[PDB]
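Colleague: Let me begin by handing over the structure; questions about it come next.
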Amino acid sequence: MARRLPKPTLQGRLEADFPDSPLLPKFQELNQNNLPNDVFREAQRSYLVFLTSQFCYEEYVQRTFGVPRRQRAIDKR
Amino acid sequence: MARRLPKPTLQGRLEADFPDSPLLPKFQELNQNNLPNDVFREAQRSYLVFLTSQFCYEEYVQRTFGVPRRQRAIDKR
Amino acid sequence: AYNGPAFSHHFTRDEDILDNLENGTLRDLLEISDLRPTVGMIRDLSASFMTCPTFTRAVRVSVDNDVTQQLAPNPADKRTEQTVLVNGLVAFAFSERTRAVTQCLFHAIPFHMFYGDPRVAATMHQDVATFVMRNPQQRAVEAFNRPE
Amino acid sequence: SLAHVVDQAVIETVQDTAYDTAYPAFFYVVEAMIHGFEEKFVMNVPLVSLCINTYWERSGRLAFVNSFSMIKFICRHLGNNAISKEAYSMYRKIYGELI
Amino acid sequence: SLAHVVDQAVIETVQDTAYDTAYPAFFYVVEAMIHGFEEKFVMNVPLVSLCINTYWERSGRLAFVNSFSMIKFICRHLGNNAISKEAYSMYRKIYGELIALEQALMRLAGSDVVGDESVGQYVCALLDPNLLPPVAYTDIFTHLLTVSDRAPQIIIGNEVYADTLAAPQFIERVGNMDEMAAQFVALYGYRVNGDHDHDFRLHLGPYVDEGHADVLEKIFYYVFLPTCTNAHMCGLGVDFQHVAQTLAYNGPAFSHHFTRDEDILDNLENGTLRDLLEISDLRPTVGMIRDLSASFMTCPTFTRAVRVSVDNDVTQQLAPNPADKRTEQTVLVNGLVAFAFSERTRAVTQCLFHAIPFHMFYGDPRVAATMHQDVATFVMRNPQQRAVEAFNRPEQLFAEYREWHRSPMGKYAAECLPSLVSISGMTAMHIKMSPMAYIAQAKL
Amino acid sequence: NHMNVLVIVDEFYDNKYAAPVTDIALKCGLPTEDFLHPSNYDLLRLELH
Amino acid sequence: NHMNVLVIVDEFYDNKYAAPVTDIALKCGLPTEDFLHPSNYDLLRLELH
């Protein structure tokens with residue numbers, strides 16, 4: 001925390017953007033409350049990063065599992 | 001003792017004839033108060049160089065801004 | 001994760017990334033390599049954040065020497081010591097175009113006699129580089145000076 | 001009485017990879033996400049396939065020489081028609097040298 | 001224990017580029033136009049990628065060997081896809097060999113130091129920072145005024161320059177291109193309403209501290225290029241405003257009608273630019289030439305010459321004369337050195353360029369006789385001057401004795417073989433013949 | 001005492017003006033003949049064992 | 001005095017005749033034995049050090 005590498009160049013406004021994510025209402029749980037502006041904005045951006053990473057791992061888990069014998073058996077007719 | 005180099009051969013009075021562009025009204029400002037006509041055409045040519053280079057640099061700066069997020073969210077749907 | 005094309009549920013998994021990637025570190029980092037991975041590949045990399053460990057560290061293992069070489073007046077002379085880099089990788093020299101991109105995410109640690117190299121560590125830090133420019137006789141790997 | 005399994009050409013290849021100025025830095029991010037875990041390499045194999053393939057195409061040099069774990073995983077898990085034979089033989093002969 | 005990274009076939013490639021009587025002069029003008037800035041070269045990356053690609057596929061040779069900064073730019077970025085993969089390897093081997101000779105000289109240099117400073121300064125002229133490379137696009141002069149202890153007097157025309165504090169009143173810095181957006185018109189009006197004759201002011205971009213100090217540029221200009229060309233190169237002066245009048249007064253540049261991406265040679269009106277393009281055999285797109293037109297704002301007005309004069313080290317300083325304690329040298333400002341031109345090339349190219357003789361490697365009778373009719377009639381009427389050692393260059397520019405690179409250096413380089421052992425010999429001649437350098441020699 | 005390595009790197013490499021060189025780093029530089037030559041008697045004094 | 005290098009090159013190369021040659025131009029062009037032959041006493045007069 002003493003010395004950190006400077007923040008990587010990123011486009012902003014991924015929260016208030018046009019595309020709508022199902023994660024977004026749970027993201028509404030966080031509030032500034034105590035924090036100043038820029039600290040809370042980058043903290044909530046990090047939290048959204050954590051949410052999207054959780055979503056990616058969950059979808060990968062559901063993707064890897066495979067295809068059942070019964071569905072291919074129904075796929076005759 | 002000022003004999004630099006002669007002009008490379010180019011079309012005479014191209015900008016008066018060929019285009020109708022935003023460079024034309026800014027070109028209208030140029031005047032011939034003292035100088036001879038050939039020297040006036042020379043300084044006119046350098047001024048047209050200056051204006052075209054202004055415009056091309058501005059178009060490059062317009063290209064440098066890249067692609068926003070929300071516009072892609074609108075149209076790619 | 002924060003890219004946008006990896007964010008949007010609307011965008012398709014198999015599609016190439018650079019048709020919708022916005023100005024940022026991913027554009028520069030891929031534009032250096034001219035590598036086009038599909039978006040779901042970046043998604044699977046984003047899945048790594050669960051058991052992704054914290055910052056790299058240095059841990060010094062201090063052991064006694066061999067029993068054939070045990071003889072000494074000083075017991076502290078008997079130990080030989082080695083510093084292992086935890087959670088970190090070893091790397092070659094960076095380009096200078098890629099330095100401004102990689103600086104956000106990575107920092108040098110010269111910690112081993114083979115891995116403490118001036119032309120490679122000089123790229124990663126401006127401090128090491130300016131120190132090298134002031135007295136160039138440091139360019140020898142045998143004479144190169146590392147933190148205590 | 002040892003016989004070496006690596007010839008001088010593949011050592012030239014690895015030396016060229018060492019002296020590369022334009023080594024693709026994105027690979028390090030991949031390595032940073034891998035950090036020597038088996039399961040995550042099995043997760044991320046269709047990306048390291050494309051990385052090895054494109055860097056082998058762009059120059060004769062090859063990738064991922066940095067950490068032993070990555071080369072061990074590439075020697076183990078690939079075994080396929082997809083990755084080019086000439087790149088695979090390099091890693092196979094290096095691990096045969098260590099053997 | 002140096003092993004040569006570079007190979008002989010790539011040196012023969014460089015030699016074939018050196019004797020090219022079909023060298024494309026348009027690429028040479030582009031080389032003159034970027035003049036070694038990162039941002040100006042990222043302005044023009046896809047043009048020069050097309051340039052290197054077409055010149056590499058059309059004949060088995062590559063351009064842009066000449067200027068070091070363009071070399072470091074091509075080695076640093078772009079690369080990868082745009083140019084052909086084999087053509088990248090020549091540049092890589094050149095830059096790697098330039099790196100490897102530096103650690104060779106450092107190992108020949110001692111580890112031990114006199115005081116604070118290193119002793120490689122005394123051993124090798126190349127390692128010695130009092131020496132200056134010929135082409136200067138970054139502000140080396142103020143940096144050398146800081147680092148050099150012994151009095152480095154700089155002559156700009158009539159006027160001396162010895163104090164760092166005088167840096168505003170004698171040097172005009174060139175601002176960064178994005179920053180100068182307010183001051184474009186003030187940059188341009190100086191051409192019409194200011195006299196560049198007896199200006200005494202030097203327009204220079206910012207210096208960059210990046211890496212390798214100064215050794216690499218010195219070994220590239222003073223070792224590699226004189227060997228690989230048999231030292232057939234001259235200094236170049238550029239008349240930039242005529243170059244801008246070529247590129248910018250073009251018909252597609254005015255044109256709202258003509259699109260962004262088309263072949264300019266389809267719709268050029270007849271001029272020197274069309275003839276340059278056809279002799280240079282390369283069809284460019286319109287946006288490329290518009291980028292080259294846009295670059296004219298920040299590029300300098302004219303070329304200049306500068307005398308650098310530095311006192312000797314304390315080993316060799318002993319002399320009864322104060323004027324013989326100090327060794328003198330030249331640096332070309334905003335100009336570039338030059339391979340031989342074709343005879344057909346100098347018909348439209350003469351409106352852009354002129355010849356400069358320089359120090360012994362870069363002062364050549366055949367190339368300067370190519371560039372001017374006067375030098376040609378001189379060398380014709382007196383053929384004995386055809387050799388490099390005899391050829392008489394102006395007192396205004398040149399003096400043989402008060403220099404670092406004398407005549408036998410150039411005589412060695414003229415009959416030099418393209419072997420890399422000759423590269424090693426050219427390197428080995430640069431030892432300063434200093435007493436402590438004899439200790440360094442007695443070590444190895 | 002503190003765990004972070006970036007501070008350890010930067011604080012060592014930020015403002016250092018001088019470069020000390022050790023004994024064996026100078027011994028490995030020299031060839032044999034100069035090493036046995038009595039110009040270098042500081043380094044030769046400590047090669048007993 | 002003047003900055004322009006065009007006239008610098010021109011006025012030196014405008015009208016030339018028989019052109020001078022320096023000393024070390026001829027000191028670098030002879031082979032060893034022909035130099036050491038006692039018919040070039042000029043060059044042996046001026047290479048003392």
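Ordering of the structure tokens sets the chain letters (A, B, ...), residue numbers begin anew at 1 in every chain, and ligands are numbered from 1 in the order given.
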Could you write out as a PyMOL selection string the residues of chain B within 8 Å of chain E, counting only C-alpha atoms?

Modeller: chain B and resi 2+4-11+14-15+19-21+43+45-46+48-50+52-57+60

Colleague: Kindly save the residues from that selection, with C-alpha atoms included, as a PDB file, in the first residue's frame.

Modeller:
ATOM      1  CA  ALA B   2      20.476  34.096 -50.265  1.00  0.00           C
ATOM      2  CA  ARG B   4      18.541  28.543 -51.493  1.00  0.00           C
ATOM      3  CA  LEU B   5      16.865  26.438 -54.253  1.00  0.00           C
ATOM      4  CA  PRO B   6      14.210  26.904 -56.976  1.00  0.00           C
ATOM      5  CA  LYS B   7      10.650  25.654 -56.797  1.00  0.00           C
ATOM      6  CA  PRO B   8       9.714  22.120 -57.850  1.00  0.00           C
ATOM      7  CA  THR B   9       7.397  22.268 -60.828  1.00  0.00           C
ATOM      8  CA  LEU B  10       3.684  22.131 -59.967  1.00  0.00           C
ATOM      9  CA  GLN B  11       0.303  23.104 -61.375  1.00  0.00           C
ATOM     10  CA  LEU B  14      -4.898  24.752 -58.618  1.00  0.00           C
ATOM     11  CA  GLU B  15      -6.778  25.978 -55.539  1.00  0.00           C
ATOM     12  CA  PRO B  19     -11.965  22.726 -55.020  1.00  0.00           C
ATOM     13  CA  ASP B  20     -14.924  24.138 -53.124  1.00  0.00           C
ATOM     14  CA  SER B  21     -13.929  23.461 -49.532  1.00  0.00           C
ATOM     15  CA  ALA B  43       3.494  32.877 -50.345  1.00  0.00           C
ATOM     16  CA  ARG B  45       1.326  28.354 -52.067  1.00  0.00           C
ATOM     17  CA  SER B  46       3.027  28.138 -48.668  1.00  0.00           C
ATOM     18  CA  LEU B  48      -2.202  26.726 -48.769  1.00  0.00           C
ATOM     19  CA  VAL B  49       0.383  24.189 -47.568  1.00  0.00           C
ATOM     20  CA  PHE B  50      -0.169  25.506 -44.033  1.00  0.00           C
ATOM     21  CA  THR B  52      -4.032  21.730 -45.782  1.00  0.00           C
ATOM     22  CA  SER B  53      -1.597  20.554 -43.119  1.00  0.00           C
ATOM     23  CA  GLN B  54      -3.824  22.104 -40.409  1.00  0.00           C
ATOM     24  CA  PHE B  55      -6.809  20.199 -41.791  1.00  0.00           C
ATOM     25  CA  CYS B  56      -5.000  16.859 -42.121  1.00  0.00           C
ATOM     26  CA  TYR B  57      -3.635  17.132 -38.575  1.00  0.00           C
ATOM     27  CA  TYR B  60      -5.777  12.677 -37.536  1.00  0.00           C
TER      28      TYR B  60
END

Colleague: Please return the superposed copy of chain F as a tab-separated table (two decimals) with N, CA and C atoms, in the first residue's frame; the fit should be least squares onto chain G across all sequentially paired Cα atoms.

Modeller:
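The resulting file, out.tsv, is shown below:
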chain	number	residue	atom	x	y	z
F	1	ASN	N	30.26	33.48	-40.82
F	1	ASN	CA	29.33	34.48	-40.29
F	1	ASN	C	27.89	34.15	-40.66
F	2	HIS	N	27.64	33.78	-41.91
F	2	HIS	CA	26.28	33.53	-42.33
F	2	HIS	C	25.93	32.06	-42.11
F	3	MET	N	24.65	31.81	-41.87
F	3	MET	CA	24.23	30.51	-41.37
F	3	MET	C	24.05	29.48	-42.49
F	4	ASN	N	23.58	29.91	-43.66
F	4	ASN	CA	23.20	28.99	-44.73
F	4	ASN	C	24.39	28.18	-45.24
F	5	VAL	N	24.18	26.88	-45.39
F	5	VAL	CA	25.27	25.96	-45.71
F	5	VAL	C	25.46	25.82	-47.22
F	6	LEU	N	24.40	26.07	-48.00
F	6	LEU	CA	24.47	25.89	-49.45
F	6	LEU	C	25.41	26.90	-50.09
F	7	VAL	N	25.41	28.12	-49.57
F	7	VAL	CA	26.36	29.14	-50.00
F	7	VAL	C	27.79	28.71	-49.66
F	8	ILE	N	27.98	28.13	-48.47
F	8	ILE	CA	29.31	27.68	-48.04
F	8	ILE	C	29.83	26.56	-48.94
F	9	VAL	N	28.94	25.67	-49.37
F	9	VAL	CA	29.34	24.60	-50.28
F	9	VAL	C	29.66	25.15	-51.66
F	10	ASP	N	28.73	25.93	-52.23
F	10	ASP	CA	28.86	26.37	-53.62
F	10	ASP	C	30.00	27.35	-53.81
F	11	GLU	N	30.23	28.23	-52.83
F	11	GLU	CA	31.29	29.23	-52.96
F	11	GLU	C	32.67	28.58	-52.87
F	12	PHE	N	32.78	27.50	-52.10
F	12	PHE	CA	34.03	26.75	-52.05
F	12	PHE	C	34.25	25.91	-53.30
F	13	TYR	N	33.18	25.33	-53.85
F	13	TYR	CA	33.33	24.38	-54.96
F	13	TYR	C	33.03	24.97	-56.33
F	14	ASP	N	32.82	26.28	-56.45
F	14	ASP	CA	32.39	26.82	-57.74
F	14	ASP	C	33.57	26.99	-58.70
F	15	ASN	N	34.58	27.75	-58.30
F	15	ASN	CA	35.61	28.20	-59.24
F	15	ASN	C	37.00	27.73	-58.85
F	16	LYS	N	37.11	26.77	-57.94
F	16	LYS	CA	38.42	26.28	-57.51
F	16	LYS	C	39.13	25.55	-58.64
F	17	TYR	N	40.41	25.88	-58.84
F	17	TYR	CA	41.19	25.28	-59.91
F	17	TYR	C	42.24	24.29	-59.43
F	18	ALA	N	42.54	24.25	-58.14
F	18	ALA	CA	43.69	23.51	-57.65
F	18	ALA	C	43.31	22.67	-56.45
F	19	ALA	N	44.12	21.66	-56.19
F	19	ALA	CA	43.87	20.71	-55.11
F	19	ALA	C	45.10	20.55	-54.23
F	20	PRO	N	45.15	21.18	-53.06
F	20	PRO	CA	46.26	20.92	-52.14
F	20	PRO	C	46.01	19.67	-51.31
F	21	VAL	N	47.08	18.91	-51.09
F	21	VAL	CA	47.02	17.66	-50.34
F	21	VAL	C	47.91	17.79	-49.11
F	22	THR	N	47.41	17.34	-47.96
F	22	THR	CA	48.13	17.50	-46.71
F	22	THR	C	49.21	16.43	-46.54
F	23	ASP	N	49.91	16.55	-45.42
F	23	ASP	CA	51.01	15.66	-45.07
F	23	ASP	C	50.53	14.23	-44.86
F	24	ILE	N	49.65	14.03	-43.87
F	24	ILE	CA	49.20	12.68	-43.50
F	24	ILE	C	48.35	12.05	-44.60
F	25	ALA	N	47.76	12.87	-45.48
F	25	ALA	CA	47.09	12.32	-46.65
F	25	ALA	C	48.07	11.73	-47.65
F	26	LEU	N	49.33	12.16	-47.61
F	26	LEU	CA	50.36	11.55	-48.43
F	26	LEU	C	51.07	10.42	-47.72
F	27	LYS	N	51.14	10.49	-46.38
F	27	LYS	CA	51.75	9.41	-45.62
F	27	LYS	C	50.93	8.13	-45.70
F	28	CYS	N	49.60	8.26	-45.66
F	28	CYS	CA	48.75	7.08	-45.73
F	28	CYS	C	48.75	6.45	-47.12
F	29	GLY	N	49.16	7.20	-48.14
F	29	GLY	CA	49.25	6.63	-49.48
F	29	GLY	C	50.42	5.67	-49.64
F	30	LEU	N	51.56	6.00	-49.04
F	30	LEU	CA	52.79	5.26	-49.30
F	30	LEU	C	52.80	3.94	-48.54
F	31	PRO	N	53.38	2.89	-49.12
F	31	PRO	CA	53.74	1.71	-48.33
F	31	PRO	C	54.98	1.97	-47.49
F	32	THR	N	55.31	0.98	-46.66
F	32	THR	CA	56.36	1.14	-45.64
F	32	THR	C	57.73	1.32	-46.26
F	33	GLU	N	58.04	0.52	-47.28
F	33	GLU	CA	59.40	0.43	-47.80
F	33	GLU	C	59.80	1.72	-48.52
F	34	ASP	N	58.87	2.30	-49.28
F	34	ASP	CA	59.14	3.58	-49.91
F	34	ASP	C	59.14	4.71	-48.89
F	35	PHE	N	58.33	4.58	-47.83
F	35	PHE	CA	58.29	5.59	-46.78
F	35	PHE	C	59.62	5.67	-46.05
F	36	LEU	N	60.24	4.53	-45.79
F	36	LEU	CA	61.55	4.53	-45.17
F	36	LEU	C	62.66	4.84	-46.17
F	37	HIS	N	62.38	4.73	-47.47
F	37	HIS	CA	63.37	5.04	-48.48
F	37	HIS	C	63.69	6.54	-48.46
F	38	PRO	N	64.94	6.94	-48.65
F	38	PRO	CA	65.30	8.36	-48.57
F	38	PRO	C	64.96	9.20	-49.79
F	39	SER	N	64.12	8.71	-50.71
F	39	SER	CA	63.56	9.62	-51.71
F	39	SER	C	62.60	10.60	-51.06
F	40	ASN	N	61.81	10.12	-50.11
F	40	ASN	CA	60.83	10.93	-49.41
F	40	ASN	C	61.45	11.38	-48.10
F	41	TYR	N	62.04	12.57	-48.10
F	41	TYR	CA	62.67	13.12	-46.92
F	41	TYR	C	61.92	14.31	-46.35
F	42	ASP	N	60.98	14.87	-47.11
F	42	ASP	CA	60.11	15.91	-46.58
F	42	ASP	C	59.14	15.34	-45.57
F	43	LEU	N	58.52	14.21	-45.90
F	43	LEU	CA	57.49	13.64	-45.05
F	43	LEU	C	58.10	12.94	-43.84
F	44	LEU	N	59.23	12.25	-44.06
F	44	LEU	CA	59.90	11.50	-43.00
F	44	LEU	C	60.48	12.43	-41.94
F	45	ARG	N	60.79	13.68	-42.32
F	45	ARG	CA	61.36	14.65	-41.39
F	45	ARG	C	60.41	14.96	-40.24
F	46	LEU	N	59.11	14.81	-40.45
F	46	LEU	CA	58.11	15.16	-39.45
F	46	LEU	C	57.33	13.94	-38.99
F	47	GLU	N	58.02	12.87	-38.65
F	47	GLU	CA	57.44	11.77	-37.89
F	47	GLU	C	58.19	11.50	-36.59
F	48	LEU	N	58.47	12.55	-35.83
F	48	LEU	CA	59.27	12.41	-34.62
F	48	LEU	C	58.53	11.65	-33.53
F	49	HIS	N	57.34	12.09	-33.20
F	49	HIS	CA	56.72	11.54	-32.01
F	49	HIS	C	55.60	10.59	-32.40

Colleague: What do you get for the Cα RMSD if chain B is superposed onto chain A using all Cα atoms in their order?

Modeller: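 Across all paired C-alpha atoms, the RMSD is 1.4 Å.
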
Colleague: Can you work out which residues from chain E touch chain D at a cut-off of 8 Å (counting only C-alpha atoms) and hand them back as a PyMOL selection string?

Modeller: chain E and resi 75-77+80-81+85

Colleague: What lies within 12 Å of residue D:84 using only C-alpha atoms, ignoring chain neighbours under 3 positions off, as a PyMOL selection string?

Modeller: chain D and resi 49-50+52-57+62+78-81+87-91

Colleague: From a DSSP calculation on the backbone, collect every residue of chain C in strand (DSSP E or B) and output the set as a list in words.

Modeller: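 Written out, the strand (DSSP E or B) residues of chain C are residues 16, 38, 57, 58, 59, 60, 61, 62, 63, 80, 81, 82, 83, 84, 85 and 86 of chain C.
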
Colleague: Counting only C-alpha atoms, which residues in chain C sit no more than 9 Å from chain E? For each one, give the nearest pair of atoms and the distance in Å, sorted by chain then residue number, as CSV.

Modeller:
residue,atom,partner,partner_atom,distance
C:31,CA,E:78,CA,8.5
C:32,CA,E:77,CA,7.2
C:33,CA,E:80,CA,7.2
C:34,CA,E:80,CA,7.2
C:95,CA,E:76,CA,6.3
C:96,CA,E:76,CA,6.6
C:97,CA,E:77,CA,6.2
C:98,CA,E:77,CA,8.4
C:122,CA,E:211,CA,8.2
C:123,CA,E:211,CA,8.1
C:126,CA,E:210,CA,8.4
C:129,CA,E:211,CA,6.8
C:130,CA,E:211,CA,8.1
C:132,CA,E:212,CA,8.6
C:133,CA,E:213,CA,6.0
C:134,CA,E:117,CA,8.6
C:135,CA,E:118,CA,6.3
C:136,CA,E:118,CA,7.3
C:137,CA,E:111,CA,6.1
C:138,CA,E:111,CA,8.3
C:139,CA,E:103,CA,7.6
C:140,CA,E:107,CA,7.8
C:143,CA,E:111,CA,8.2

Colleague: Keeping only N, CA and C atoms, write those residues as a PDB file, in the first residue's frame.

Modeller:
ATOM      1  N   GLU C  31      -1.934  -5.033 -29.395  1.00  0.00           N
ATOM      2  CA  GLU C  31      -1.382  -4.373 -30.567  1.00  0.00           C
ATOM      3  C   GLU C  31       0.134  -4.492 -30.631  1.00  0.00           C
ATOM      4  N   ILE C  32       0.789  -4.644 -29.479  1.00  0.00           N
ATOM      5  CA  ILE C  32       2.215  -4.957 -29.463  1.00  0.00           C
ATOM      6  C   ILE C  32       2.462  -6.329 -30.076  1.00  0.00           C
ATOM      7  N   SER C  33       1.681  -7.321 -29.669  1.00  0.00           N
ATOM      8  CA  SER C  33       1.893  -8.687 -30.114  1.00  0.00           C
ATOM      9  C   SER C  33       1.169  -9.028 -31.407  1.00  0.00           C
ATOM     10  N   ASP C  34       0.181  -8.220 -31.805  1.00  0.00           N
ATOM     11  CA  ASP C  34      -0.785  -8.543 -32.861  1.00  0.00           C
ATOM     12  C   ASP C  34      -1.386  -9.929 -32.630  1.00  0.00           C
ATOM     13  N   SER C  95      10.763  -4.732 -24.383  1.00  0.00           N
ATOM     14  CA  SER C  95      10.897  -3.606 -25.287  1.00  0.00           C
ATOM     15  C   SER C  95      10.566  -2.308 -24.555  1.00  0.00           C
ATOM     16  N   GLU C  96      10.916  -1.187 -25.180  1.00  0.00           N
ATOM     17  CA  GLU C  96      10.576   0.099 -24.584  1.00  0.00           C
ATOM     18  C   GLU C  96       9.158   0.531 -24.943  1.00  0.00           C
ATOM     19  N   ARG C  97       8.660   0.119 -26.112  1.00  0.00           N
ATOM     20  CA  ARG C  97       7.253   0.336 -26.438  1.00  0.00           C
ATOM     21  C   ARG C  97       6.345  -0.450 -25.505  1.00  0.00           C
ATOM     22  N   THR C  98       6.740  -1.673 -25.152  1.00  0.00           N
ATOM     23  CA  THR C  98       5.920  -2.446 -24.233  1.00  0.00           C
ATOM     24  C   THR C  98       6.128  -2.057 -22.777  1.00  0.00           C
ATOM     25  N   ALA C 122      17.308  -3.255 -16.206  1.00  0.00           N
ATOM     26  CA  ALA C 122      17.404  -1.843 -16.556  1.00  0.00           C
ATOM     27  C   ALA C 122      16.166  -1.364 -17.298  1.00  0.00           C
ATOM     28  N   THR C 123      15.552  -2.243 -18.092  1.00  0.00           N
ATOM     29  CA  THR C 123      14.355  -1.865 -18.837  1.00  0.00           C
ATOM     30  C   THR C 123      13.174  -1.620 -17.901  1.00  0.00           C
ATOM     31  N   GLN C 126      13.068   2.726 -14.175  1.00  0.00           N
ATOM     32  CA  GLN C 126      13.825   3.918 -14.535  1.00  0.00           C
ATOM     33  C   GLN C 126      14.929   4.201 -13.527  1.00  0.00           C
ATOM     34  N   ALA C 129      17.824   2.024 -14.338  1.00  0.00           N
ATOM     35  CA  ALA C 129      18.358   2.483 -15.617  1.00  0.00           C
ATOM     36  C   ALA C 129      19.201   3.741 -15.456  1.00  0.00           C
ATOM     37  N   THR C 130      18.716   4.702 -14.669  1.00  0.00           N
ATOM     38  CA  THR C 130      19.465   5.935 -14.444  1.00  0.00           C
ATOM     39  C   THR C 130      20.737   5.666 -13.644  1.00  0.00           C
ATOM     40  N   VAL C 132      22.357   2.900 -13.892  1.00  0.00           N
ATOM     41  CA  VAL C 132      23.267   2.307 -14.869  1.00  0.00           C
ATOM     42  C   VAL C 132      23.895   3.386 -15.742  1.00  0.00           C
ATOM     43  N   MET C 133      23.108   4.396 -16.132  1.00  0.00           N
ATOM     44  CA  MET C 133      23.629   5.459 -16.990  1.00  0.00           C
ATOM     45  C   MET C 133      24.675   6.306 -16.281  1.00  0.00           C
ATOM     46  N   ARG C 134      24.594   6.417 -14.955  1.00  0.00           N
ATOM     47  CA  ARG C 134      25.556   7.256 -14.249  1.00  0.00           C
ATOM     48  C   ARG C 134      26.940   6.613 -14.182  1.00  0.00           C
ATOM     49  N   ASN C 135      27.023   5.318 -13.889  1.00  0.00           N
ATOM     50  CA  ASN C 135      28.310   4.624 -13.930  1.00  0.00           C
ATOM     51  C   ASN C 135      28.211   3.311 -14.701  1.00  0.00           C
ATOM     52  N   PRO C 136      28.640   3.300 -15.971  1.00  0.00           N
ATOM     53  CA  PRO C 136      28.347   2.155 -16.854  1.00  0.00           C
ATOM     54  C   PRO C 136      29.112   0.889 -16.522  1.00  0.00           C
ATOM     55  N   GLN C 137      30.154   0.959 -15.686  1.00  0.00           N
ATOM     56  CA  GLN C 137      30.909  -0.226 -15.275  1.00  0.00           C
ATOM     57  C   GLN C 137      30.084  -1.212 -14.455  1.00  0.00           C
ATOM     58  N   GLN C 138      28.853  -0.852 -14.101  1.00  0.00           N
ATOM     59  CA  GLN C 138      27.912  -1.748 -13.462  1.00  0.00           C
ATOM     60  C   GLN C 138      27.359  -2.806 -14.417  1.00  0.00           C
ATOM     61  N   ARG C 139      27.547  -2.640 -15.740  1.00  0.00           N
ATOM     62  CA  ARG C 139      26.983  -3.558 -16.739  1.00  0.00           C
ATOM     63  C   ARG C 139      27.444  -5.007 -16.611  1.00  0.00           C
ATOM     64  N   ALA C 140      28.550  -5.262 -15.927  1.00  0.00           N
ATOM     65  CA  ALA C 140      28.949  -6.630 -15.631  1.00  0.00           C
ATOM     66  C   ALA C 140      27.941  -7.304 -14.704  1.00  0.00           C
ATOM     67  N   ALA C 143      29.653  -7.944 -11.254  1.00  0.00           N
ATOM     68  CA  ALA C 143      29.832  -6.784 -10.397  1.00  0.00           C
ATOM     69  C   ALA C 143      28.526  -6.083 -10.067  1.00  0.00           C
TER      70      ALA C 143
END

Colleague: Ranking A:69, A:26, A:76, A:3 by minimum distance to chain F and counting only C-alpha atoms, which one comes first?

Modeller: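 Closest residue, counting only C-alpha atoms: A:3.
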
Colleague: Would you mind writing down, as a VMD selection string, each residue of stretch 3-104 of chain C that DSSP on the backbone assigns to alpha helix (DSSP H)?

Modeller: chain C and resid 25 to 33 39 to 46 75 to 78 99 to 102

Colleague: Determine, using only C-alpha atoms, which residues of chain E have any atom at most 8 Å from an atom of chain G, and tabulate each with its shortest atom pair and distance in Å to one decimal place, rows ordered by chain and then rising number, as CSV.

Modeller:
residue,atom,partner,partner_atom,distance
E:157,CA,G:1,CA,5.2
E:158,CA,G:1,CA,5.1
E:196,CA,G:3,CA,7.5
E:197,CA,G:3,CA,5.5
E:198,CA,G:2,CA,4.6
E:199,CA,G:3,CA,6.6
E:200,CA,G:3,CA,6.8
E:237,CA,G:5,CA,7.9
E:303,CA,G:5,CA,7.9
E:304,CA,G:3,CA,6.8
E:305,CA,G:5,CA,7.6
E:354,CA,G:6,CA,7.1
E:355,CA,G:9,CA,7.4
E:356,CA,G:9,CA,6.9
E:374,CA,G:14,CA,6.0
E:375,CA,G:13,CA,6.1
E:378,CA,G:16,CA,6.7
E:382,CA,G:18,CA,7.5
E:389,CA,G:25,CA,5.1
E:390,CA,G:21,CA,5.7
E:391,CA,G:21,CA,7.9
E:392,CA,G:19,CA,7.4
E:393,CA,G:12,CA,7.9
E:394,CA,G:12,CA,6.0
E:396,CA,G:8,CA,7.0
E:407,CA,G:25,CA,6.3
E:408,CA,G:28,CA,5.5
E:411,CA,G:28,CA,7.2
